[PDB]
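A quick write-up on the structure given underneath.
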Amino acid sequence: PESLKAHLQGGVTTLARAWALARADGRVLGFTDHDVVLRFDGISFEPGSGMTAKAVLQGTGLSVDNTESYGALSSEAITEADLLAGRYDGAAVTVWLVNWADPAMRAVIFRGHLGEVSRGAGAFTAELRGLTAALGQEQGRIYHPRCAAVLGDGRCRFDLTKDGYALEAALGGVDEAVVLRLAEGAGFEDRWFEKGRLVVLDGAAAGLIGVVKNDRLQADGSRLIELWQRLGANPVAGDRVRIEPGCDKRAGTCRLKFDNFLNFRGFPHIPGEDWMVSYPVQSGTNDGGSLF
Amino acid sequence: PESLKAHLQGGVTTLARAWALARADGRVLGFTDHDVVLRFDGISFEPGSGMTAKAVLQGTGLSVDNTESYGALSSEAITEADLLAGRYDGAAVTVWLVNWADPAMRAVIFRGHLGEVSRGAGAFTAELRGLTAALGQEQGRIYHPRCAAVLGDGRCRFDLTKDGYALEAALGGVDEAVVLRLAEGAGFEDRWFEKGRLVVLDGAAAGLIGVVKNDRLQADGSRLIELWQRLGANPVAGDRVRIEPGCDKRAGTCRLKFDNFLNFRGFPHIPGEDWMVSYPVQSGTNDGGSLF
Amino acid sequence: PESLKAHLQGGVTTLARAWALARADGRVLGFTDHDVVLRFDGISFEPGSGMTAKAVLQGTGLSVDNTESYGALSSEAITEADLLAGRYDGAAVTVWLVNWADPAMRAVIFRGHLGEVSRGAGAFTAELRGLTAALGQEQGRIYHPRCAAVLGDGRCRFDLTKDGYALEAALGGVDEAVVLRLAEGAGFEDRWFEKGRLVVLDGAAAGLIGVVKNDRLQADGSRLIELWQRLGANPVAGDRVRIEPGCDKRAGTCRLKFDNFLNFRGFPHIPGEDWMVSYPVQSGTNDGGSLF
Amino acid sequence: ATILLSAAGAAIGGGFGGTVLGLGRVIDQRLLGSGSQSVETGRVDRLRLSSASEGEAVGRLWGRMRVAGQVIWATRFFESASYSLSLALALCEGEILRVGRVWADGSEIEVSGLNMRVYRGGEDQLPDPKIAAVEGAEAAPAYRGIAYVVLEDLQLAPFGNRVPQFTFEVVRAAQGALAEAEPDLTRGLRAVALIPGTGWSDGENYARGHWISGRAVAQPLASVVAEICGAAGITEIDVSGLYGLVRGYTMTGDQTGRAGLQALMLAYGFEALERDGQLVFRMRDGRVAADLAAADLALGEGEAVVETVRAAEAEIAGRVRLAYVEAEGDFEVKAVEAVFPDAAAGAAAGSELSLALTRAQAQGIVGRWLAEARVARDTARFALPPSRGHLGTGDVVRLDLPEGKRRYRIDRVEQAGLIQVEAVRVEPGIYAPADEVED
Amino acid sequence: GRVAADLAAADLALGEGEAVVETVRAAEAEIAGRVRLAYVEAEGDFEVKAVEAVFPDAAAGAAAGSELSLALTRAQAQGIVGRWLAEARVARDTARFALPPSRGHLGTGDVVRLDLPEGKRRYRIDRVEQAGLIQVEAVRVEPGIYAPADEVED
Amino acid sequence: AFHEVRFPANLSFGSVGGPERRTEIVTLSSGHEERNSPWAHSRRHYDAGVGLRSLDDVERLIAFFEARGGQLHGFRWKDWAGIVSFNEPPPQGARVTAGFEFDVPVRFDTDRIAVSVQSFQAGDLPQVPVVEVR
Amino acid sequence: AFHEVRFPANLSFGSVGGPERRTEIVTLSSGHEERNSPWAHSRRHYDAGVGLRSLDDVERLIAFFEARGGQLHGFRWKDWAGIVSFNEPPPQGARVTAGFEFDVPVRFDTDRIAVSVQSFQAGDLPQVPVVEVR
Amino acid sequence: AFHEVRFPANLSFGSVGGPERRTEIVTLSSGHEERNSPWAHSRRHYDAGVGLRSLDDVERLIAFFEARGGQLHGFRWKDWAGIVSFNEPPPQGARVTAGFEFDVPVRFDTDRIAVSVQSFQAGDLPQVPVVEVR
Amino acid sequence: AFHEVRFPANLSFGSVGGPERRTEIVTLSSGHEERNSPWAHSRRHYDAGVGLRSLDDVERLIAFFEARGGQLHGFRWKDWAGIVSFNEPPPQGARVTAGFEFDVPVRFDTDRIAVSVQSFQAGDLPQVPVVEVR
Ligand code: SF4
Ligand code: SF4
Ligand code: SF4
């Protein structure tokens, strides 16, 4: 609490809980216990869903906080066809504790990250992982002979729009949301993009990312492309996708297809264990060379 | 279920559970929920015992399945003097799910191995370990300087009846089922069989295996033999035992007492750690020899 | 039980539980279930406190036994200002099982060590750790370059009263029981005792041990001394403390301040890992010296 | 407001953290039984190497056993022109007997070739060695407790020129307040003499011969387990029922105290009973103290007079293994196994004991475990009345039944005025010599 | 040790276990009588070293050491282990009370004065679980623990 | 499932039963809440039948539970309270009738029954709860 | 198991009892159900017997529980309600009678009985349930 | 264990009690089941005694619980319901009598008693359950 | 602990109370039993007092709980039922009296009391249990 102590030290208090979650898409959602729709920021908290607010826990230790936050799913609300397709994953929340008589008397209990959401029986139950969720994970590179970065990354900047690299064409023939026909296949090499981002920016799957595989053009530039996984929302054979090119993350495929061999961030040579414990025999090749 | 789906898709169904366990001895036992004795194979399932059938579990993982299978022990049944002595250990079951109206409409839920049996209060409770019980155990040889196999084993075939090796004589003087007098002690060396199989093939302990120790003949070929453990069923001073000879599992005792030194399956020399990190000093014995 | 079996094999029995705990100070406390004050030794067991006696457990394994022993705290009793300050820590108990009709018919259930005491709601709950509490702990020295023993220890005997080393002076200016003014500061070096025993032998904190730090005399031999931790009982600005001198546990501070450099029990030189895998280069200093 | 599914979280921590506060392992648990939780014990040290760091702990041992030691105060390499050092290797603590048979990296070096000065590490506080007058008397360390061995003008020529890993046979007599009372050989002998002499030879009767060469070192099991509780601080320790010879046990520093002791509970099998506050350590036997009939059990919690659990056949430890130390020859890690003839098809369960014992004894121990672990399948869970409360926690019950009359040693007595028992099946014939031939 | 709360005993809420303040004192057999480190030398040739702090009354056992992979000097390491051996014996006492949401501004890491009839012992708090009733697992913390030990160097 | 008979004619005053709705519900602690049902019908769930006649009626009633009953058969049930619609709202009932004319096939909600003898000829049993399984 | 006698003649008005089934059931939550029967028979499960006579009848009734009872014996039971079939449906009962003529061998469902004194010679006990073990 | 007295003479109408049998039981879910008892006797298990007299009888009754009672003593009990056999079956009772002539030594099944005052002289206590420990 | 007064004089018919014991018990399942008593005394444990007078008596009764009560004080209790012995057995009571003449110092077994108004001047409260702490 932040200077509502004058309100709070009195036994007569009226603090009704309320929270907003910001999805990965730009829209937020509103939730409150107050039973009347209220807002203080431009969020318009709705008591139509959400809000059981069960027992936020704390700890000086790096372990996260948690709140299961039982609620309801509906057409205005999360609606669960949105949730199942792949949204609300890294959804960021702030829980508030507003005075409903005066919403300028509020604070934040925690800012969470909403890790595990269990929906069932016409309702949803969503564990609010704490601020320290990212700690507790392994991050590192292991000197492997491929590359290590994605295309947009700072360790390999590319300017991914710099030429006719991206395929901007609108989609037809979505079939089972893994096969995609694509009317405008023609314009690129066969098997040009094999590990790319199928960002779909229109229609049902709005701003949803999949990964391509099997970039094959069968006849007259069809370019039938598979994906690893379902998009989770069916594209409607009229959506617009853009596909960034595919990186095999290898030195040969780096420098040939792309110009950016300088920004490699990989470890091509990496001699081996048997080199390390080897003592130099004075036989055969012992002049300076590639060792490859 | 195997083509009882026509019976089963109707809500009017009548599938009564039933199972047979095959003991380590050749006899099987029958058990059913149907409350009337029924059979389909030559097993004659009895509802007099067994059969509470609590919650068979499953898993794609290598972990076993389980069913505690509460029941009753009686004179026709397991009777628990049979169970305590050492039978029903590796008892193999099949649980069935028969139609009592027509026992040709059946399947197997699982084929189990009945690991843990807890008997008490005039009843028994027997955990049915799943098909994958053997996985999850350590099997291996550790290069130790003895032998590694039993006498009948494929890695050391012996023809254990090939001469006067086995002692076939009928038993007298059973005392506390560890000491055994044996009327026909005479016929063999003193301390001939020290690690052998005391298979007792008659009477109470029928086909029960113990291990010998202290093969000593005190007077006129008595051959008082101890055992490591109780047989669990008292022999009646008239039973017939046969005792295979004792193997010390050592190269000297292998080749002297037995002819089969070829099929050794052991590791006699096995130099040692201190040999391995040793560098060769040019002093003393450095000519080719046994290193023993 | 020890020869009360004649009393005990009869169903008519009357064995009422009772126990005595001996504190770290010389006094003992008495406790009984009998509801009448009774004694057999000079302990005077009081039923005014203690004694719920819940479920002593046992084990052939090295793991301790346990008994939570719910009771009451009062002015005659533990009183919890005694307990919180640091007493009853290594308190040794014996639980007895006396006949209240004849207290010469008794035995010991176990002799415990009273590890964890949880007091609350006007009562106390004290887990009686078993006889084997000391097993299960790590004891050892790790070749570190300091010393390893305390001043009174057998591995470094000192005769801690042998000269004007100890400061026997009575206390004034106790403040917040960390700062201590001490009227008789003068008599010693500045910063003479920096790791010593502040044994306070009078008043409230009777026989209570703290550790000194910041031995500084500000004006006219004040000798303001801090401590690491609170004593837990407030001294009353009239108590008598004695402070043994401070040992830095280092070879230079050993031999200079104290004479006892012989009884060092420490490991000053201890070359290092990089010495061990080093091969001798034939350059620079390779003559016999300190390596320091 | 309501509570979340950290109701499972508060059920663990510290909902179950309070338990282990107040409380290969494949065969370690069955031998102690239901008993208590067997602590990780005795990963046997093979390739004993000496690390000269500052974080290795002080070792401890009892009897003839090799220990690595570590470097303390090595001078700089000295070139005669082809090197020379002045080491001091600290073996173990306490007053020891003399160190003989030093062998470095590799096979063997003759101690007559060395200039070593052994030290007992006496609490008498042995003075400076005067080879540390390289440092000078004013900074010469004078180690009280630890038993260091200096090395003087050691030529690094035969083993490379690097420092070799030295390993030392050490003989240490068991100490402690219970050990100085009741003296065994190591000071009890008070002059034996009678050297047989009368000079490849006749050593076939050495295992049965009256002379005491070699085995005079080995401490009785009574005082070594007394040394553990003495170092842990339990002076109330009762150990008159122990009968064993140790012959070179070795646990390191920070080996929990009890985990060093728990290796002995697998070898000699003793109870660690604690009837009273004495903590009686008695050797385990089948000597029956109870003789209960079936009519004489109390009404338990589960309302069964005797719940009898028989363990799974798939986990019976069909073959058992050890990792003992050779104890006669060059001390090296060895292994024997005992294989049950009917069911050899699997369940290998081995453990590692860091003590040193001979060849026929190791096959005797593993022959004892394979019999016991199959005997200790049966456990009983009954309750007996406080009318006979003198059944201590480690006694053994005859337990007459209508069908069997099978003995049971008991564990986990929880009484509160109703002694409820988790027994385990124990036979008397398990605890015998196996009587095997030797190497 | 900067105290933010100043609760009296009259100002705690009604907890779950229906005790105003449950106070747990840990076992004497586990107090970490001597503490150890494994720091890195940080001035000379960087090598693993160790210092220990031994409490003079109870040195009889409970060695509890840990290993820190950072590099720090010689007087600092004996300062840290001197700090842990004081703190781990101070942090034996834990308190388990509930305080009302009338003063919810006690953040999860603050420290409470907690006036009692007998003592007035401070408590830093952990594991705040509120749901509209802030229930607290505190732990005993003194201010004088967090000071320089002021030791000489190598 | 049978089409065997209605029932014994006698039913005592107190034969209770009315439609049972899944009505899975969320009960938001804020206030108003949403709900939905997956039936689109309603189990009629009749209870508290009582047979009261002579002992001649009892042996045809105890084996009514047993012979065509068992547990898992129809015995079409007569209601004292082909598609019927309910038009008293502007909404509709439109609930089907698989059997003709209010005959609602059911099953008894009992592992056992309990018939009592109250006098030389009186046969009573207190309850036979049904639920009209489709 | 015995064949000893029926029972004392007296039975009060209210001696209830009727057949049982296990017939475990799943109640498929979005439609109808499906349910299994493993019996093909029924435990008759008679309850609530009451002895009411003089105290001369009581001592032959308390040891009826004791002498031929113990726990585990028959004492064939008389029903006021060789194979009997039930033909009032087109299905059949076809339930066997091991004993002759409705004699249904049982056992008492009690660890103890409880006989009361109601007046100088009145002996009462409120219940003796049975289940008719085979 | 005592041989002190029977009891106060008065016992109200309703002093219930009958033999209690361990009757350890398995209840197989198939059907018929086996059982056995380890007593070969039966705890008679008398309950519901009531003292009703003047307050002169009460002080010799409240200390009946206290003085020779405590908890753990005999006070041989009089039954209004040396070896007695029961011959009304061809089986036998053959139940022993340690005390003479139906005197069945017992103990009260109560940690406390509860005597009430109902008028100037009326003393009542509702129950004193016993179990006749051997 | 006080010595303040007995009580208000009025006590309704039904003021129940009798001595207690812990006397924990094992009931050896295959034979007789053995049982222990740690008391050598008895908590008299009086219950069910009722004040019934005018409302003038109520304000001296509600503050009887409050003023000298609080929770932890004596208020010596009058029994309508210095060492008293009980000699009607050959055993003995020999139970002490710390207070004189049956005055049994107690405490109320209540966190709250509950006084009711029954008419313009009727004051009632149904129960005030006590246990006689020493
Ligand atoms: S190939 Fe080049 S652009 Fe592709 S990931 Fe590797 S470094 Fe980045
Ligand atoms: S000695 Fe020969 S026969 Fe015996 S186990 Fe070894 S290999 Fe087999
Ligand atoms: S400096 Fe000397 S007196 Fe002090 S602890 Fe070290 S050895 Fe003991």
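Just remember, in the structure tokens the first chain shown is A, the second B, etc., residues are 1-based per chain, and ligands are 1-based in the order shown.
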
Could you tell me, counting only C-alpha atoms and all ligand atoms, which protein and nucleic acid residues lie no more than 7 Å from ligand 1, written as a CSV table (one decimal) with C-alpha atoms, in the first residue's frame?
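Below you can see selection_21.csv, which holds the result:
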```csv
chain,number,residue,atom,x,y,z
A,147,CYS,CA,25.6,-21.1,-35.1
A,148,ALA,CA,23.8,-20.0,-31.9
A,149,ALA,CA,21.6,-17.0,-32.7
A,150,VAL,CA,18.3,-16.3,-34.5
A,151,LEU,CA,18.2,-14.1,-37.5
A,156,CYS,CA,23.7,-11.7,-35.8
A,158,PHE,CA,20.9,-9.2,-40.7
A,247,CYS,CA,19.1,-20.4,-41.8
A,248,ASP,CA,20.8,-23.8,-41.5
A,249,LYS,CA,23.1,-22.2,-38.9
A,250,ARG,CA,26.2,-23.5,-40.7
A,251,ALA,CA,29.3,-21.7,-42.0
A,253,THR,CA,25.1,-22.0,-45.6
A,254,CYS,CA,25.9,-18.8,-43.7
A,258,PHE,CA,23.6,-14.8,-46.7
A,260,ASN,CA,26.7,-12.0,-43.0
A,261,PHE,CA,29.5,-14.5,-42.3
A,263,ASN,CA,28.5,-12.0,-37.4
A,264,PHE,CA,28.7,-15.7,-37.0
A,265,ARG,CA,28.5,-16.3,-33.2
```

Which of region 7-120 of chain H fall in alpha helix (DSSP H), as a PyMOL selection string: chain H and resi 59-63

Superposition of chain H onto chain F by least squares over all sequentially paired C-alpha atoms; the transformed chain is requested as a JSON list (two decimals) with C-alpha atoms, in the first residue's frame.
```json
[["chain", "number", "residue", "atom", "x", "y", "z"],
["H", 1, "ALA", "CA", -33.36, -51.91, -21.54],
["H", 2, "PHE", "CA", -36.87, -53.38, -21.59],
["H", 3, "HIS", "CA", -40.42, -52.47, -22.56],
["H", 4, "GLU", "CA", -41.84, -54.80, -19.97],
["H", 5, "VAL", "CA", -44.50, -53.07, -17.84],
["H", 6, "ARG", "CA", -45.25, -49.74, -16.17],
["H", 7, "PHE", "CA", -45.15, -50.72, -12.49],
["H", 8, "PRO", "CA", -47.45, -51.99, -9.77],
["H", 9, "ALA", "CA", -50.35, -49.55, -9.77],
["H", 10, "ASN", "CA", -50.03, -48.43, -6.15],
["H", 11, "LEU", "CA", -47.90, -45.37, -5.33],
["H", 12, "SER", "CA", -48.16, -43.62, -1.98],
["H", 13, "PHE", "CA", -48.74, -39.89, -1.53],
["H", 14, "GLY", "CA", -45.23, -38.47, -1.56],
["H", 15, "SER", "CA", -43.75, -39.94, -4.74],
["H", 16, "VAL", "CA", -41.38, -37.04, -5.39],
["H", 17, "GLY", "CA", -39.28, -36.27, -8.45],
["H", 18, "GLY", "CA", -38.26, -33.44, -10.76],
["H", 19, "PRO", "CA", -35.80, -32.66, -13.52],
["H", 20, "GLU", "CA", -32.09, -32.65, -12.65],
["H", 21, "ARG", "CA", -29.72, -30.29, -14.47],
["H", 22, "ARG", "CA", -25.93, -30.64, -14.56],
["H", 23, "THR", "CA", -25.62, -26.81, -14.25],
["H", 24, "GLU", "CA", -21.83, -26.64, -14.11],
["H", 25, "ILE", "CA", -21.15, -23.36, -12.34],
["H", 26, "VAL", "CA", -18.19, -21.11, -11.62],
["H", 27, "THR", "CA", -19.36, -18.85, -8.73],
["H", 28, "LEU", "CA", -17.03, -15.89, -9.19],
["H", 29, "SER", "CA", -16.27, -14.33, -5.82],
["H", 30, "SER", "CA", -16.61, -10.85, -7.34],
["H", 31, "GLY", "CA", -20.30, -11.05, -8.09],
["H", 32, "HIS", "CA", -22.32, -12.21, -11.08],
["H", 33, "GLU", "CA", -21.13, -15.38, -12.79],
["H", 34, "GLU", "CA", -21.73, -17.35, -15.97],
["H", 35, "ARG", "CA", -22.87, -20.95, -16.43],
["H", 36, "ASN", "CA", -23.73, -23.49, -19.10],
["H", 37, "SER", "CA", -25.27, -26.95, -19.32],
["H", 38, "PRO", "CA", -24.28, -29.76, -21.73],
["H", 39, "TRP", "CA", -27.56, -31.74, -21.65],
["H", 40, "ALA", "CA", -30.17, -29.90, -23.72],
["H", 41, "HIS", "CA", -32.52, -32.21, -21.81],
["H", 42, "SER", "CA", -33.29, -32.91, -18.15],
["H", 43, "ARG", "CA", -33.12, -36.19, -16.24],
["H", 44, "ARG", "CA", -36.55, -36.40, -14.62],
["H", 45, "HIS", "CA", -35.18, -38.12, -11.49],
["H", 46, "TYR", "CA", -38.24, -39.56, -9.77],
["H", 47, "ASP", "CA", -37.89, -40.74, -6.17],
["H", 48, "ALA", "CA", -39.76, -42.01, -3.12],
["H", 49, "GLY", "CA", -42.08, -44.60, -4.64],
["H", 50, "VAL", "CA", -43.86, -46.79, -2.10],
["H", 51, "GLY", "CA", -45.57, -50.13, -2.69],
["H", 52, "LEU", "CA", -48.46, -50.67, -0.27],
["H", 53, "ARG", "CA", -50.76, -53.67, -0.82],
["H", 54, "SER", "CA", -51.23, -57.23, 0.44],
["H", 55, "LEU", "CA", -48.42, -59.77, 0.57],
["H", 56, "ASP", "CA", -49.78, -61.22, -2.68],
["H", 57, "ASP", "CA", -48.52, -58.04, -4.37],
["H", 58, "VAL", "CA", -45.14, -58.25, -2.62],
["H", 59, "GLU", "CA", -43.74, -61.34, -4.34],
["H", 60, "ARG", "CA", -44.47, -59.80, -7.74],
["H", 61, "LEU", "CA", -42.78, -56.62, -6.45],
["H", 62, "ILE", "CA", -39.62, -57.97, -4.82],
["H", 63, "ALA", "CA", -38.82, -59.89, -8.01],
["H", 64, "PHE", "CA", -39.72, -56.79, -10.02],
["H", 65, "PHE", "CA", -36.47, -55.48, -8.56],
["H", 66, "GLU", "CA", -34.85, -58.85, -9.24],
["H", 67, "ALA", "CA", -36.11, -60.54, -12.38],
["H", 68, "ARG", "CA", -36.54, -57.90, -15.08],
["H", 69, "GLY", "CA", -34.67, -55.40, -12.91],
["H", 70, "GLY", "CA", -31.29, -56.64, -11.88],
["H", 71, "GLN", "CA", -29.98, -53.08, -11.98],
["H", 72, "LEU", "CA", -29.63, -52.22, -15.62],
["H", 73, "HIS", "CA", -32.99, -52.55, -17.38],
["H", 74, "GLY", "CA", -35.80, -50.23, -18.34],
["H", 75, "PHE", "CA", -39.20, -50.93, -16.74],
["H", 76, "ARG", "CA", -40.96, -47.86, -18.20],
["H", 77, "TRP", "CA", -42.19, -45.65, -15.35],
["H", 78, "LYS", "CA", -45.65, -44.13, -14.89],
["H", 79, "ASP", "CA", -45.81, -40.43, -13.99],
["H", 80, "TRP", "CA", -48.73, -39.15, -11.95],
["H", 81, "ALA", "CA", -47.37, -35.67, -12.71],
["H", 82, "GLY", "CA", -43.89, -38.21, -30.18],
["H", 83, "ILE", "CA", -42.58, -34.92, -28.80],
["H", 84, "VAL", "CA", -44.03, -32.76, -26.02],
["H", 85, "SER", "CA", -43.42, -29.01, -26.06],
["H", 86, "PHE", "CA", -44.03, -26.51, -23.26],
["H", 87, "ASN", "CA", -45.45, -23.25, -24.58],
["H", 88, "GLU", "CA", -46.21, -21.28, -21.40],
["H", 89, "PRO", "CA", -43.08, -19.21, -22.05],
["H", 90, "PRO", "CA", -42.20, -17.75, -25.44],
["H", 91, "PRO", "CA", -39.35, -20.22, -25.07],
["H", 92, "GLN", "CA", -40.10, -23.91, -25.59],
["H", 93, "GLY", "CA", -39.60, -27.22, -23.84],
["H", 94, "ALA", "CA", -39.50, -29.41, -26.95],
["H", 95, "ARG", "CA", -38.44, -32.42, -24.88],
["H", 96, "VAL", "CA", -38.64, -35.79, -26.61],
["H", 97, "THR", "CA", -40.55, -38.89, -25.50],
["H", 98, "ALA", "CA", -38.82, -42.10, -26.59],
["H", 99, "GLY", "CA", -41.66, -44.07, -25.00],
["H", 100, "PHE", "CA", -45.32, -43.29, -25.53],
["H", 101, "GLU", "CA", -47.42, -41.10, -23.25],
["H", 102, "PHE", "CA", -45.37, -40.05, -20.23],
["H", 103, "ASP", "CA", -43.79, -43.49, -19.75],
["H", 104, "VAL", "CA", -40.22, -42.30, -19.07],
["H", 105, "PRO", "CA", -38.00, -45.43, -18.89],
["H", 106, "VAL", "CA", -35.93, -45.39, -15.70],
["H", 107, "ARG", "CA", -33.81, -47.39, -13.30],
["H", 108, "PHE", "CA", -33.87, -47.66, -9.50],
["H", 109, "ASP", "CA", -31.16, -45.74, -7.60],
["H", 110, "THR", "CA", -30.49, -48.55, -5.08],
["H", 111, "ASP", "CA", -28.01, -51.39, -4.56],
["H", 112, "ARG", "CA", -30.66, -53.07, -2.40],
["H", 113, "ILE", "CA", -34.32, -52.67, -1.57],
["H", 114, "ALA", "CA", -35.89, -53.02, 1.86],
["H", 115, "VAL", "CA", -39.41, -54.44, 2.10],
["H", 116, "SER", "CA", -41.04, -54.43, 5.52],
["H", 117, "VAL", "CA", -43.92, -56.46, 7.05],
["H", 118, "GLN", "CA", -46.22, -54.18, 9.12],
["H", 119, "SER", "CA", -49.05, -56.68, 9.75],
["H", 120, "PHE", "CA", -50.26, -60.17, 8.74],
["H", 121, "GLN", "CA", -50.81, -58.90, 5.16],
["H", 122, "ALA", "CA", -49.18, -55.46, 5.02],
["H", 123, "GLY", "CA", -46.22, -55.05, 2.67],
["H", 124, "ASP", "CA", -44.28, -51.77, 2.65],
["H", 125, "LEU", "CA", -41.06, -50.44, 1.13],
["H", 126, "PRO", "CA", -40.13, -46.79, 1.73],
["H", 127, "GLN", "CA", -38.34, -45.62, -1.42],
["H", 128, "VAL", "CA", -37.32, -46.51, -4.97],
["H", 129, "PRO", "CA", -35.44, -43.53, -6.46],
["H", 130, "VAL", "CA", -35.11, -43.46, -10.25],
["H", 131, "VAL", "CA", -33.38, -41.12, -12.78],
["H", 132, "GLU", "CA", -34.73, -42.11, -16.24],
["H", 133, "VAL", "CA", -31.63, -43.23, -18.09],
["H", 134, "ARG", "CA", -32.01, -42.89, -21.85]]
```

Among region 164-225 of chain D, which residues carry a DSSP assignment of strand (DSSP E or B), reported as a PyMOL selection string? chain D and resi 167-170+220

Give me the residues within 12 Å of region 3-17 of chain A as a tab-separated table (two decimals) with C-alpha atoms, in the first residue's frame, counting only C-alpha atoms and dropping any in the same chain fewer than 4 places off.
```
chain	number	residue	atom	x	y	z
A	30	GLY	CA	-9.56	-6.22	-17.05
A	31	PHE	CA	-10.67	-8.08	-13.93
A	32	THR	CA	-12.09	-6.97	-10.57
A	33	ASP	CA	-13.74	-8.22	-7.39
A	34	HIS	CA	-15.76	-5.05	-6.97
A	35	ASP	CA	-18.83	-6.46	-8.91
A	36	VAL	CA	-19.18	-3.07	-10.66
A	37	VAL	CA	-17.06	-2.25	-13.71
A	38	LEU	CA	-14.48	0.32	-12.65
A	45	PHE	CA	-11.82	-3.68	-15.44
A	46	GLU	CA	-14.67	-6.09	-15.88
A	47	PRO	CA	-16.11	-8.18	-13.05
A	50	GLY	CA	-11.55	-13.74	-13.39
A	51	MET	CA	-11.04	-12.83	-9.78
A	52	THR	CA	-11.10	-15.37	-7.06
A	53	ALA	CA	-7.70	-14.10	-5.83
A	54	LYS	CA	-6.50	-17.00	-3.71
A	69	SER	CA	-6.66	-16.77	-9.63
A	94	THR	CA	-0.22	-6.50	-12.35
A	95	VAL	CA	-2.48	-7.21	-9.41
A	96	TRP	CA	-3.93	-4.12	-7.78
A	97	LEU	CA	-5.82	-3.62	-4.55
A	98	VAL	CA	-7.89	-0.60	-5.39
A	99	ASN	CA	-10.35	1.30	-3.27
A	100	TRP	CA	-13.58	1.15	-5.20
A	101	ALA	CA	-14.83	4.33	-3.54
A	102	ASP	CA	-11.73	6.13	-4.83
A	103	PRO	CA	-9.51	4.27	-7.36
A	104	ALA	CA	-6.64	6.70	-6.74
A	105	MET	CA	-5.98	4.77	-3.51
A	106	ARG	CA	-4.20	1.70	-4.82
A	107	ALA	CA	-0.97	-0.23	-5.02
A	108	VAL	CA	0.51	-3.29	-6.68
A	109	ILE	CA	0.73	-6.54	-4.76
D	1	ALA	CA	-9.68	-15.54	0.59
E	11	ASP	CA	-1.19	-5.61	17.55
E	100	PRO	CA	-3.57	-7.69	10.11
E	101	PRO	CA	-3.96	-6.02	6.73
E	102	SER	CA	-4.47	-2.73	8.59
E	103	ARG	CA	-0.71	-2.47	8.19
E	104	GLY	CA	-0.02	-4.25	4.94
E	105	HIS	CA	2.95	-2.06	4.09
E	106	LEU	CA	5.21	-4.54	5.85
E	131	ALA	CA	-5.13	-13.60	1.12
E	132	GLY	CA	-6.39	-10.72	3.24
F	29	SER	CA	-16.27	-14.33	-5.82
F	30	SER	CA	-16.61	-10.85	-7.34
F	31	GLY	CA	-20.30	-11.05	-8.09
```

Residues within 6 Å of region 37-53 of chain D, only C-alpha atoms, excluding chain neighbours under 5 positions, as a PyMOL selection string: (chain C and resi 272-273) or (chain D and resi 29+68-71+165+259+352-354)
